[PDB]
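Read the single chain below, which is given as structure tokens and is the form deposited in one PDB entry.
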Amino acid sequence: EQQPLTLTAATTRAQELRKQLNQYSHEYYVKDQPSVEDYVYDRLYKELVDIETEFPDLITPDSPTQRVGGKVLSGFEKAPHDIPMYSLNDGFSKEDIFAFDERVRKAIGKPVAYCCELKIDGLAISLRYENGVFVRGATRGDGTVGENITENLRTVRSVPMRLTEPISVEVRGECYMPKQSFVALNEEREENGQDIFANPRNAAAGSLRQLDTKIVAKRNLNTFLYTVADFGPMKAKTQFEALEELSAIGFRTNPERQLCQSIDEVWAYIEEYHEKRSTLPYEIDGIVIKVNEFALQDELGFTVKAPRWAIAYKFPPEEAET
């Protein structure tokens, strides 16, 4: 009648199971290419649950079992941003974008390649990892102080609990509610006699600011990550490389990015994705254009208000394109 696992055996097995389950979840949710059928995942997940039940000391805050929600907070602690979450200067016309390029070429003294990305219209987030483990999730707030929504973000399945390497990094991006989920949610709320959300951004914000993680877990949220606060522990020397590296270590990144060699190529990208906007399952409010080379970003630096190496081209509001 003796239990099969010792504490040390249970500890090692739990570690193995967590690594495997984190991999499978990444494949299933982020790659959208699961290597195993659901029954395989479910089987290993149950084994972990049973270990954690028998040995509660082995439960880690980042374990796959901590994803499902249930915890309820009394309030959100403030979440300072030691490195500010800056906002970009905006452009609205072809003139604004070509003028930006002219200013960049003036400062650098040669043509400059640009990493072009979609500007995801959701809730800006910062994800802190310590030795490869998710330890803090925060909203942007005013860019200097946000809200600690760590537990809520654990329920968002695209957020990795562990990275492929044990690095410490502060990763920034957006969390959003897909358009199809938003419309469904609003109908559910209508039927419940609840106030509807004005748009998917408010719906994502409402969801991430719920104190009851069980409620948050029921909502459909996703993420795209595109930068870090400090590239010190990263190998990347360009923004395009940085996106590849973030994807490699386990973050969901947006696949529509393109490296452009001239501002004329940047313009074509802007035109391309204005047309593609309606076909995407997530909202965008424009296009972000960044000098690709980190060396050149460093040279350009920031003004008091924003980077001198990037601009956001703003499309008309989503509401103006039905």
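Numbers for residues come from their place in the sequence shown, where the first is 1. We call the rigid core whatever largest set of C-alpha positions still superposes within 1.5 Å between the two forms.
Although it is not shown, the form deposited in another entry is what the next lines describe.
Superposition of the core reveals a Cα shift of less than 2 Å for residue 280 between this form and the one not shown. Once the rigid core is overlaid between this form and the one not shown, residue 233 counts among the residues whose Cα shifts by 2 Å or more. One change in that other deposited form concerns residue 235 and residue 15, whose Cα atoms lie at least 3 Å farther apart than in this form.
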